[PDB]
Amino acid sequence: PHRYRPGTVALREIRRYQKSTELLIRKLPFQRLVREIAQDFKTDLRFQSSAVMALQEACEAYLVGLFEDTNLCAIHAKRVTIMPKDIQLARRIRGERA
Amino acid sequence: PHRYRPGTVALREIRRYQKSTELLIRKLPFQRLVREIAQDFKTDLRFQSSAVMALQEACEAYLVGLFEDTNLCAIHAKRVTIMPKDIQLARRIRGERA
Amino acid sequence: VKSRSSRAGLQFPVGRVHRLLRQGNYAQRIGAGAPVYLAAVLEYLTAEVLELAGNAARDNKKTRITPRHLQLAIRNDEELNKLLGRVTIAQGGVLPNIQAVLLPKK
Amino acid sequence: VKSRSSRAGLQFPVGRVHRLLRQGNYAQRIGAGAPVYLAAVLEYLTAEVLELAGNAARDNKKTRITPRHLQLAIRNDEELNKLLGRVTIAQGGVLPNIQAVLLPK
Amino acid sequence: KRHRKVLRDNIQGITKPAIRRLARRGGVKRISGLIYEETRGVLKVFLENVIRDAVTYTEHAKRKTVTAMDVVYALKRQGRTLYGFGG
Amino acid sequence: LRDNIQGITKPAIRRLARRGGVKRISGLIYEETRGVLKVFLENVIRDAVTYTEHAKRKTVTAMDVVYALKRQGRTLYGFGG
Amino acid sequence: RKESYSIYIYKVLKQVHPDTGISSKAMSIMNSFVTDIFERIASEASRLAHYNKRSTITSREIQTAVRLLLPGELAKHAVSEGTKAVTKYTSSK
Amino acid sequence: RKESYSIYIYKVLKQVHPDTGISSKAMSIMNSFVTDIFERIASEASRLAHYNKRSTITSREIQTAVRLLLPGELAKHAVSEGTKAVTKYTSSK
DNA sequence: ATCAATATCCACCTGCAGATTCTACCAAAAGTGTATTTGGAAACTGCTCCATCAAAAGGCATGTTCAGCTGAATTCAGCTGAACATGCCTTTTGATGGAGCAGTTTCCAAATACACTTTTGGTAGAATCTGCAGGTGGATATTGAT
DNA sequence: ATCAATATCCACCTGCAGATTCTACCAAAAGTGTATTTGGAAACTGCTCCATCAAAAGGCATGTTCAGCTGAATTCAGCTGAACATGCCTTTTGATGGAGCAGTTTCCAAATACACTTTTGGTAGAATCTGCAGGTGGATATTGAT
Ligand SMILES: [Cl-]
Ligand SMILES: [Cl-]
Ligand SMILES: [Cl-]
Ligand SMILES: [Cl-]
Ligand SMILES: [Cl-]
Ligand SMILES: [Cl-]
Ligand SMILES: [Cl-]
Ligand SMILES: [Cl-]
Ligand SMILES: [Mn+2]
Ligand SMILES: [Mn+2]
Ligand SMILES: [Mn+2]
Ligand SMILES: [Mn+2]
Ligand SMILES: [Mn+2]
Ligand SMILES: [Mn+2]
Ligand SMILES: [Mn+2]
Ligand SMILES: [Mn+2]
Ligand SMILES: [Mn+2]
Ligand SMILES: [Mn+2]
Ligand SMILES: [Mn+2]
Ligand SMILES: [Mn+2]
Ligand SMILES: [Mn+2]
Ligand SMILES: [Mn+2]
Ligand SMILES: [Mn+2]
Ligand SMILES: [Mn+2]
Ligand SMILES: [Mn+2]
Ligand SMILES: [Mn+2]
Ligand SMILES: [Mn+2]
Ligand SMILES: [Mn+2]
Ligand SMILES: [Mn+2]
Ligand SMILES: [Mn+2]
């Protein structure tokens, strides 16, 4: 029976995904989310596929960017685990609101 | 002999200066500083008094805001004392660094 | 002879707004209704912050609006605050606010 | 017939840049030197990020520059990183970077 | 003659492992159990704002199809400039 | 003789912190603060003076400073624009 | 000779609090406010017209620009006032 | 009928890196980059002409705009290239 | 300081989707020749702006004492990472019908372009007012000790 | 929480200088009335491109078990940063005189905008080329247990 200690596979995954550039959210679900939000803002809407793709590029870049700042806020608190508290702090300093 | 406990006068001052709108850096030393820094970019320069005043306004506003975010970072770390560490974190998350 | 501000039912100068639009390099032509609309919008927003600042001065037991009153007005209102989130008001100071964790225990 | 680009010793299209200046609503009139200068600067900056990106491609055993190479080139260069500090490069990913405190021992 | 099925709850399509992956690219090593819901909230706000402005550009163009340019312009309004999509 | 940035004194920095809600201040904060302050002023003044030079002037006007501040995303109200 | 929005701002001040005054510094701040919002709305309208290969900034451009620039409620009221002034102006010969 | 900077970008690519190619996604990003920098510089130039009650954007405006927008070294080299292009251009008939 | 159990690399292979080259029109530069502007470039203002001067005033620097806070150490419960089994559902491929971009004409409602004619917004002195800085005297808050 | 004792605030009134409002005139915009253009809306319509749809299969999402090591709680000591009294010096300020420049004219030479009229450079597909993504399998390294 073999078993990597907790943290090892996590760091492995960090290296893995920092090496690649592929989108990390599944395509179809994100497309559905977009159509849902848009629909709530306006019905009968159509989307160019490249527009959905742009939206996903923006969303993932923003979320990766936010997670870096979050990580810095957890490490500032002498922690290794990111928490909603951290996200909230990062977004407060960034000037984002609620 | 009378003595207020540490923290008391500090809170007093917080309320006092949060009530006022006076510039808090003394004017002449600041004008000195401004003229020096400016001297490094172009020599034999003159300054409108309203220009120096605008600079000091913008500046003190900037530093007070940064002190807010800094304080939030110190409180995030279960502290009550702001440290250079805190200013660093705030400025990194603000996008003024890294 | 009646000014376009009067014809639009506005205090703000429709003609001047038109001139500024032309001289601001925005487009090659400026429609007739655009300066009216813009002037109306600017006047509404002005009325808004002037009202809230008036209230803030009334609260301070003052008759004349100051930078401080404009700041207290703007920062205490969610939407004006958002609209001016990256604007600094000279001689406006800050809202009194102390993080609870900094207050004495008993 | 003499291309203005040629007369300026430039690869970037001086005439096109002048036209875009005219059509962009920036000013009533556009001086003849402005499009020359602007196209020159644009070409220079293009050359700089293409240089660094080409380096990234070579470092990664690649003949062809990708968005990834562009991202690495830009983020690893302080000046370009600052110039484009609020720009997002599609399919660019991020710089490998792990906070030291996250490593074992 | 037929309408699409109702769209609802699609934010849950933003799965736990996907959020996990995004955190990994952010260089995050350990994740609290309450992070995923917060992330979904924050993401939803982000998307709402960008899509709102985009669709506003669509409306103004008197179109019914949101274009990649609509999203690019929308993103630029919010200081999140995007390269790669005809920007 | 003392440096000009040192003319930005400890108690003034303290007062600014107070307006920002800070209750307790580490002794290393003041030098840090002076540094940040210097960077801010360098950036703003550099831009402003650039406006000045373009205007073929020798007097930095309040508008130059306001325009520079608007460039740095720090719009100031109250000085001519 | 220099010009500003001072007298219009004061007029609206009287229309909104009849017995309230305004200091000079405050008046400057209000001028900067009007100038700012002017520049935002105009710039966005310009962008809008450009995106659709149009050469005229019409009331519609100002409207969309308002919708994009002002937060929800304020935007709604701004659109209201705008349409009102334009219909009233079309209603004067 | 869509025009881009692609052939010019490719020319410069071959100049700095003769045996290196570029993928279409990367070329698209390059096109965005050029249009972006174009817009920043032209906007700043517009603004600068405006502030000084001038109606013409000359090479001088472009230059100051460049010094405002670009960080140190980048700016210095950009200014160099711009000046040389301009002098070379004006010497020709 | 050693062995297993995986994960990590690096080279070598090969057809394919994606990039580079080849050809062919057309909008877009570029070339001429009038036709305006525009922003210098000298000679002078009026005006803020710099430099002293000269006190007085607070405000800053210094040093002592010590409360209380921060950081180190220790503990443990329970959250969260790793591994595994199960089966859903996203991903891929290819086709099809038609909604909805755009591309082109066809034309007026609307804007521009002058030429005057009016009227309003600014400027420099004129004419009152709002707070601010002070001053008690009355409670509140803060701190040490029955 | 109550006994006393500094200091802190808060209220109500007060008097005045520093600003604010009000008044009185002249260029400069704003408004009119024509004479033209000109943008862009309406009405087909040639065609990408989006929305479904189908169907197979495997890449992953989901859910469980379980134990390691992380976060949170607790304690404690020492040393940092606050409060405060002391005494010195730099900032403030307040004209004052001088003069360095912004802010404005006033000319023209150079530069820019027009309006046509040729001349090419760049673009949209088709016709060739070819890196590189995936797929394997053996060497190297990494990790975790005795
Ligand atoms: Cl800054
Ligand atoms: Cl020029
Ligand atoms: Cl010659
Ligand atoms: Cl000239
Ligand atoms: Cl599959
Ligand atoms: Cl001299
Ligand atoms: Cl060719
Ligand atoms: Cl050819
Ligand atoms: Mn000097
Ligand atoms: Mn209109
Ligand atoms: Mn080379
Ligand atoms: Mn090279
Ligand atoms: Mn093919
Ligand atoms: Mn399942
Ligand atoms: Mn149809
Ligand atoms: Mn009048
Ligand atoms: Mn009048
Ligand atoms: Mn008048
Ligand atoms: Mn008082
Ligand atoms: Mn008072
Ligand atoms: Mn009383
Ligand atoms: Mn007086
Ligand atoms: Mn037309
Ligand atoms: Mn256990
Ligand atoms: Mn721990
Ligand atoms: Mn616990
Ligand atoms: Mn002790
Ligand atoms: Mn004493
Ligand atoms: Mn002189
Ligand atoms: Mn491979």
# chains A, B, ... in the order shown; residues from 1 in each chain; ligands from 1

$ residues_near_ligand --ligand "ligand 13" --cutoff "12 Å" --atoms "only C-alpha atoms (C1' of nucleotides) and all ligand atoms" --output "PyMOL selection string"
(chain I and resi 16-19) or (chain J and resi 126-129)

$ interface_residues --of "chain G" --to "chain I" --cutoff "9 Å" --atoms "only C-alpha atoms (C1' of nucleotides)" --output "PyMOL selection string"
chain G and resi 1-3+7

$ residues_around --residues "residue 66 of chain E" --least-positions-apart "4" --cutoff "8 Å" --atoms "only C-alpha atoms (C1' of nucleotides)" --output "PyMOL selection string"
(chain A and resi 45-48+51) or (chain E and resi 54-55+58+70-71)

$ residues_around --residues "residue 69 of chain D" --least-positions-apart "4" --cutoff "8 Å" --atoms "only C-alpha atoms (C1' of nucleotides)" --output "VMD selection string"
chain D and resid 53 to 54 56 to 57 65 73 92

$ residues_near_ligand --ligand "ligand 2" --cutoff "10 Å" --atoms "only C-alpha atoms (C1' of nucleotides) and all ligand atoms" --output "list in words"
residues 29, 30, 31, 32, 33, 34, 35, 36 and 37 of chain D; 56, 57, 58, 59, 60, 61, 62 and 86 of chain H; 111 of chain J

$ write_last_selection --atoms "C-alpha atoms (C1' of nucleotides)" --output "PDB file, in the first residue's frame"
ATOM      1  CA  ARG D  29      -5.796  68.077 -37.858  1.00  0.00           C
ATOM      2  CA  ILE D  30      -2.900  65.604 -37.827  1.00  0.00           C
ATOM      3  CA  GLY D  31       0.692  66.683 -38.419  1.00  0.00           C
ATOM      4  CA  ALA D  32       2.668  64.781 -41.047  1.00  0.00           C
ATOM      5  CA  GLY D  33       5.298  63.690 -38.538  1.00  0.00           C
ATOM      6  CA  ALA D  34       2.863  62.218 -36.019  1.00  0.00           C
ATOM      7  CA  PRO D  35       1.977  59.067 -37.971  1.00  0.00           C
ATOM      8  CA  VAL D  36       5.670  58.564 -38.767  1.00  0.00           C
ATOM      9  CA  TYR D  37       6.604  58.798 -35.095  1.00  0.00           C
TER      10      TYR D  37
ATOM     11  CA  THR H  56      -2.960  69.680 -34.245  1.00  0.00           C
ATOM     12  CA  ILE H  57      -1.280  66.511 -33.002  1.00  0.00           C
ATOM     13  CA  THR H  58       2.353  66.795 -34.032  1.00  0.00           C
ATOM     14  CA  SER H  59       5.279  64.438 -33.498  1.00  0.00           C
ATOM     15  CA  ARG H  60       5.905  66.400 -30.291  1.00  0.00           C
ATOM     16  CA  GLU H  61       2.550  65.312 -28.845  1.00  0.00           C
ATOM     17  CA  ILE H  62       3.230  61.687 -29.774  1.00  0.00           C
ATOM     18  CA  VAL H  86      10.924  61.556 -38.358  1.00  0.00           C
TER      19      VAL H  86
ATOM     20  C1'  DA J 111       2.254  73.405 -42.898  1.00  0.00           C
TER      21       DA J 111
END

$ interface_residues --of "chain H" --to "chain F" --cutoff "10 Å" --atoms "only C-alpha atoms" --output "list in words"
residues 44, 47, 48, 49, 51, 52, 60, 61, 63, 64, 65, 67, 68 and 69 of chain H

$ write_last_selection --atoms "N, CA and C atoms" --output "mmCIF file, in the first residue's frame"
data_model
loop_
_atom_site.group_PDB
_atom_site.id
_atom_site.type_symbol
_atom_site.label_atom_id
_atom_site.label_comp_id
_atom_site.auth_asym_id
_atom_site.auth_seq_id
_atom_site.Cartn_x
_atom_site.Cartn_y
_atom_site.Cartn_z
ATOM 1 N N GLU H 44 -3.720 59.819 -25.344
ATOM 2 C CA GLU H 44 -2.889 60.712 -24.548
ATOM 3 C C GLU H 44 -2.486 61.941 -25.357
ATOM 4 N N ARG H 47 -5.466 64.283 -25.703
ATOM 5 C CA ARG H 47 -5.608 64.955 -24.420
ATOM 6 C C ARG H 47 -4.605 66.087 -24.265
ATOM 7 N N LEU H 48 -3.370 65.811 -24.668
ATOM 8 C CA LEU H 48 -2.291 66.786 -24.576
ATOM 9 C C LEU H 48 -2.483 67.979 -25.517
ATOM 10 N N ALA H 49 -2.930 67.718 -26.741
ATOM 11 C CA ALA H 49 -3.261 68.801 -27.651
ATOM 12 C C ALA H 49 -4.358 69.651 -27.032
ATOM 13 N N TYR H 51 -5.316 70.083 -23.788
ATOM 14 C CA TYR H 51 -4.895 70.863 -22.617
ATOM 15 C C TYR H 51 -4.223 72.186 -22.978
ATOM 16 N N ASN H 52 -3.524 72.204 -24.107
ATOM 17 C CA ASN H 52 -2.777 73.381 -24.520
ATOM 18 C C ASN H 52 -3.445 74.112 -25.675
ATOM 19 N N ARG H 60 5.619 65.987 -31.664
ATOM 20 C CA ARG H 60 5.905 66.400 -30.291
ATOM 21 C C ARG H 60 4.872 65.859 -29.284
ATOM 22 N N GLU H 61 3.600 65.882 -29.675
ATOM 23 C CA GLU H 61 2.550 65.312 -28.845
ATOM 24 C C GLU H 61 2.753 63.810 -28.688
ATOM 25 N N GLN H 63 5.415 62.204 -28.907
ATOM 26 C CA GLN H 63 6.597 62.015 -28.080
ATOM 27 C C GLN H 63 6.285 62.147 -26.587
ATOM 28 N N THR H 64 5.610 63.227 -26.200
ATOM 29 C CA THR H 64 5.293 63.402 -24.787
ATOM 30 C C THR H 64 4.382 62.270 -24.305
ATOM 31 N N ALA H 65 3.437 61.876 -25.152
ATOM 32 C CA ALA H 65 2.533 60.780 -24.834
ATOM 33 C C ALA H 65 3.317 59.506 -24.570
ATOM 34 N N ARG H 67 6.430 59.346 -23.571
ATOM 35 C CA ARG H 67 7.189 59.471 -22.325
ATOM 36 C C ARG H 67 6.293 59.297 -21.106
ATOM 37 N N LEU H 68 5.011 59.629 -21.258
ATOM 38 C CA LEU H 68 4.036 59.457 -20.179
ATOM 39 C C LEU H 68 3.620 58.000 -20.013
ATOM 40 N N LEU H 69 3.377 57.317 -21.127
ATOM 41 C CA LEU H 69 2.825 55.968 -21.089
ATOM 42 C C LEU H 69 3.857 54.871 -20.855
#

$ residues_near_ligand --ligand "ligand 30" --cutoff "12 Å" --atoms "only C-alpha atoms (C1' of nucleotides) and all ligand atoms" --output "CSV table (one decimal) with N, CA and C atoms (P, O5', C5', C4', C3', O3' and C1' of nucleotides), in the first residue's frame"
chain,number,residue,atom,x,y,z
D,60,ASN,N,11.9,26.9,-25.0
D,60,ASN,CA,11.0,25.8,-24.9
D,60,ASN,C,11.0,24.8,-26.1
D,61,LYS,N,12.1,24.8,-26.8
D,61,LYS,CA,12.4,23.9,-27.9
D,61,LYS,C,11.3,24.1,-29.1
D,62,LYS,N,10.7,25.3,-29.1
D,62,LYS,CA,9.7,25.5,-30.1
D,62,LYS,C,10.1,26.5,-31.2
I,9,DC,P,9.2,17.1,-14.8
I,9,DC,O5',10.3,16.8,-15.9
I,9,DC,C5',10.5,15.5,-16.3
I,9,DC,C4',11.9,15.3,-16.9
I,9,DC,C3',12.1,15.9,-18.2
I,9,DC,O3',13.4,16.3,-18.4
I,9,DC,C1',12.0,13.5,-18.4
I,10,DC,P,13.8,17.4,-19.5
I,10,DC,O5',14.8,16.6,-20.5
I,10,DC,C5',15.2,15.3,-20.2
I,10,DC,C4',15.5,14.5,-21.4
I,10,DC,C3',15.3,15.3,-22.7
I,10,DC,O3',16.3,15.0,-23.6
I,10,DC,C1',13.9,13.3,-22.7
I,11,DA,P,16.5,15.7,-25.1
I,11,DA,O5',16.5,14.5,-26.0
I,11,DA,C5',16.2,13.2,-25.5
I,11,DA,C4',16.5,12.1,-26.6
I,11,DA,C3',16.4,12.5,-28.0
I,11,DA,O3',17.2,11.7,-28.8
I,11,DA,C1',14.5,11.2,-27.4
I,12,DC,P,17.3,11.9,-30.4
I,12,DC,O5',16.2,10.9,-31.0
I,12,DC,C5',16.1,9.5,-30.5
I,12,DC,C4',15.0,8.8,-31.1
I,12,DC,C3',14.6,9.1,-32.5
I,12,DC,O3',14.3,8.0,-33.3
I,12,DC,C1',12.7,9.3,-31.2
I,13,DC,P,14.0,8.0,-34.9
I,13,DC,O5',12.6,7.4,-35.1
I,13,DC,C5',11.5,7.8,-34.2
I,13,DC,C4',10.2,7.2,-34.7
I,13,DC,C3',9.8,7.6,-36.1
I,13,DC,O3',9.0,6.7,-36.7
I,13,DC,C1',8.4,8.7,-34.6
J,132,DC,P,7.0,24.1,-33.1
J,132,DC,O5',5.8,23.2,-32.5
J,132,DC,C5',4.5,23.2,-33.1
J,132,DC,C4',3.7,22.0,-32.8
J,132,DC,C3',4.0,21.4,-31.4
J,132,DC,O3',2.8,21.0,-30.8
J,132,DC,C1',4.2,19.8,-33.1
J,133,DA,P,2.5,21.3,-29.3
J,133,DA,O5',1.1,20.7,-29.0
J,133,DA,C5',0.1,20.7,-30.1
J,133,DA,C4',-0.5,19.3,-30.2
J,133,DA,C3',-0.7,18.5,-28.9
J,133,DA,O3',-1.9,17.7,-29.1
J,133,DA,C1',0.8,17.3,-30.2
J,134,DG,P,-2.6,17.1,-27.8
J,134,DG,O5',-2.7,15.6,-28.1
J,134,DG,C5',-1.6,15.0,-28.8
J,134,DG,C4',-1.8,13.5,-29.0
J,134,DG,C3',-2.0,12.6,-27.8
J,134,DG,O3',-2.5,11.4,-28.2
J,134,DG,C1',0.2,12.4,-28.8
J,135,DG,P,-2.8,10.2,-27.1
J,135,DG,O5',-2.4,8.9,-27.9
J,135,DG,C5',-1.5,9.0,-29.0
J,135,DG,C4',-0.5,7.8,-29.0
J,135,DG,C3',-0.4,7.1,-27.7
J,135,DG,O3',-0.2,5.7,-27.9
J,135,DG,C1',1.7,8.0,-28.2
J,136,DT,P,-0.4,4.6,-26.7
J,136,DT,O5',1.1,3.9,-26.7
J,136,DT,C5',2.3,4.7,-26.8
J,136,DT,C4',3.4,3.8,-27.1
J,136,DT,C3',4.0,3.0,-26.0
J,136,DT,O3',4.5,1.8,-26.4
J,136,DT,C1',5.5,4.8,-26.5

$ residues_around --residues "residue 97 of chain A" --least-positions-apart "2" --cutoff "12 Å" --atoms "only C-alpha atoms (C1' of nucleotides)" --output "list in words"
residues 87, 88, 89, 90, 91, 92, 93, 94 and 95 of chain A; 78, 79, 81, 82 and 85 of chain C; 41, 42, 45 and 46 of chain E

$ write_last_selection --atoms "N, CA and C atoms" --output "CSV table (one decimal), in the first residue's frame"
chain,number,residue,atom,x,y,z
A,87,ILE,N,-10.2,35.7,0.7
A,87,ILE,CA,-10.8,36.2,-0.5
A,87,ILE,C,-11.4,37.6,-0.2
A,88,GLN,N,-12.2,37.6,0.8
A,88,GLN,CA,-12.9,38.9,1.2
A,88,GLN,C,-11.9,40.0,1.4
A,89,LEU,N,-10.8,39.7,2.1
A,89,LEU,CA,-9.7,40.8,2.4
A,89,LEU,C,-9.1,41.2,1.0
A,90,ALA,N,-8.8,40.3,0.2
A,90,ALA,CA,-8.2,40.6,-1.1
A,90,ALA,C,-9.1,41.5,-1.9
A,91,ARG,N,-10.4,41.2,-1.9
A,91,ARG,CA,-11.3,41.9,-2.8
A,91,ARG,C,-11.6,43.3,-2.2
A,92,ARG,N,-11.5,43.4,-0.8
A,92,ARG,CA,-11.6,44.7,-0.2
A,92,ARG,C,-10.5,45.6,-0.6
A,93,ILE,N,-9.3,45.1,-0.5
A,93,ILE,CA,-8.1,45.9,-0.8
A,93,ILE,C,-8.1,46.3,-2.3
A,94,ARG,N,-8.5,45.3,-3.1
A,94,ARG,CA,-8.6,45.6,-4.6
A,94,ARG,C,-9.6,46.6,-5.0
A,95,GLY,N,-10.5,46.9,-4.1
A,95,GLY,CA,-11.5,47.9,-4.3
A,95,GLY,C,-12.8,47.3,-5.0
C,78,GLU,N,-24.3,54.7,-1.1
C,78,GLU,CA,-23.7,53.6,-1.8
C,78,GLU,C,-23.3,53.9,-3.3
C,79,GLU,N,-24.3,54.5,-4.0
C,79,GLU,CA,-24.2,54.7,-5.4
C,79,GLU,C,-23.3,55.8,-5.8
C,81,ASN,N,-20.9,56.8,-4.0
C,81,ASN,CA,-19.6,56.3,-3.6
C,81,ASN,C,-19.0,55.4,-4.6
C,82,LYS,N,-19.9,54.6,-5.2
C,82,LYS,CA,-19.4,53.7,-6.3
C,82,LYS,C,-19.0,54.5,-7.5
C,85,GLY,N,-15.7,56.2,-6.7
C,85,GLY,CA,-14.8,55.3,-5.9
C,85,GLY,C,-13.3,55.6,-6.0
E,41,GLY,N,-19.9,32.6,-5.7
E,41,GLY,CA,-20.5,33.9,-5.6
E,41,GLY,C,-19.7,35.0,-6.3
E,42,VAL,N,-18.4,35.1,-6.0
E,42,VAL,CA,-17.5,36.1,-6.6
E,42,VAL,C,-17.5,36.0,-8.1
E,45,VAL,N,-20.8,37.3,-9.6
E,45,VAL,CA,-20.8,38.8,-9.7
E,45,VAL,C,-20.0,39.3,-10.9
E,46,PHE,N,-18.8,38.8,-11.0
E,46,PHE,CA,-17.9,39.1,-12.1
E,46,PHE,C,-18.6,38.9,-13.5

$ interface_residues --of "chain B" --to "chain F" --cutoff "6 Å" --atoms "only C-alpha atoms" --output "PyMOL selection string"
chain B and resi 10+14+17-18+24-25+29+33+45-48+50-51+64+67-68+81-84

$ residues_near_ligand --ligand "ligand 6" --cutoff "12 Å" --atoms "only C-alpha atoms (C1' of nucleotides) and all ligand atoms" --output "JSON, numbers by chain"
{"J": [99, 100, 101]}

$ atom_distance --atom1 "atom CA of residue 89 of chain G" --atom2 "atom CA of residue 37 of chain G"
22.3 Å

$ decode --residues "segment 2-18 of chain C" --atoms "N, CA and C atoms" --output "mmCIF file, in the first residue's frame"
data_model
loop_
_atom_site.group_PDB
_atom_site.id
_atom_site.type_symbol
_atom_site.label_atom_id
_atom_site.label_comp_id
_atom_site.auth_asym_id
_atom_site.auth_seq_id
_atom_site.Cartn_x
_atom_site.Cartn_y
_atom_site.Cartn_z
ATOM 1 N N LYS C 2 -35.725 82.470 -27.024
ATOM 2 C CA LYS C 2 -35.593 81.712 -25.786
ATOM 3 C C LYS C 2 -34.487 80.665 -25.875
ATOM 4 N N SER C 3 -33.653 80.614 -24.839
ATOM 5 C CA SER C 3 -32.523 79.693 -24.793
ATOM 6 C C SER C 3 -32.983 78.241 -24.773
ATOM 7 N N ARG C 4 -32.130 77.353 -25.277
ATOM 8 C CA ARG C 4 -32.458 75.938 -25.361
ATOM 9 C C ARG C 4 -32.541 75.298 -23.980
ATOM 10 N N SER C 5 -31.872 75.899 -23.001
ATOM 11 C CA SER C 5 -31.981 75.439 -21.621
ATOM 12 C C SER C 5 -33.394 75.659 -21.104
ATOM 13 N N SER C 6 -33.963 76.813 -21.446
ATOM 14 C CA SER C 6 -35.330 77.149 -21.064
ATOM 15 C C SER C 6 -36.315 76.256 -21.799
ATOM 16 N N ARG C 7 -36.007 75.974 -23.060
ATOM 17 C CA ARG C 7 -36.871 75.153 -23.896
ATOM 18 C C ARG C 7 -36.836 73.685 -23.476
ATOM 19 N N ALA C 8 -35.741 73.282 -22.840
ATOM 20 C CA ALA C 8 -35.611 71.920 -22.344
ATOM 21 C C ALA C 8 -36.024 71.851 -20.880
ATOM 22 N N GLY C 9 -36.268 73.015 -20.291
ATOM 23 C CA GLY C 9 -36.686 73.096 -18.906
ATOM 24 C C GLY C 9 -35.538 72.786 -17.973
ATOM 25 N N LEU C 10 -34.381 73.374 -18.260
ATOM 26 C CA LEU C 10 -33.168 73.063 -17.518
ATOM 27 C C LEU C 10 -32.447 74.308 -17.034
ATOM 28 N N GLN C 11 -31.770 74.171 -15.899
ATOM 29 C CA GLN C 11 -30.929 75.227 -15.351
ATOM 30 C C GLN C 11 -29.562 75.235 -16.031
ATOM 31 N N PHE C 12 -29.101 74.051 -16.420
ATOM 32 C CA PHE C 12 -27.781 73.886 -17.016
ATOM 33 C C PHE C 12 -27.762 74.330 -18.479
ATOM 34 N N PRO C 13 -26.628 74.898 -18.928
ATOM 35 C CA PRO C 13 -26.499 75.534 -20.246
ATOM 36 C C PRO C 13 -26.405 74.554 -21.415
ATOM 37 N N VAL C 14 -27.528 74.285 -22.073
ATOM 38 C CA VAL C 14 -27.558 73.353 -23.195
ATOM 39 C C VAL C 14 -26.581 73.765 -24.300
ATOM 40 N N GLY C 15 -26.560 75.054 -24.620
ATOM 41 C CA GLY C 15 -25.677 75.568 -25.652
ATOM 42 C C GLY C 15 -24.209 75.339 -25.349
ATOM 43 N N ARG C 16 -23.810 75.639 -24.115
ATOM 44 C CA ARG C 16 -22.427 75.448 -23.685
ATOM 45 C C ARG C 16 -22.023 73.979 -23.735
ATOM 46 N N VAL C 17 -22.931 73.105 -23.319
ATOM 47 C CA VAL C 17 -22.682 71.674 -23.379
ATOM 48 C C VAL C 17 -22.475 71.259 -24.836
ATOM 49 N N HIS C 18 -23.260 71.843 -25.738
ATOM 50 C CA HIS C 18 -23.113 71.555 -27.163
ATOM 51 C C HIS C 18 -21.730 71.968 -27.673
#
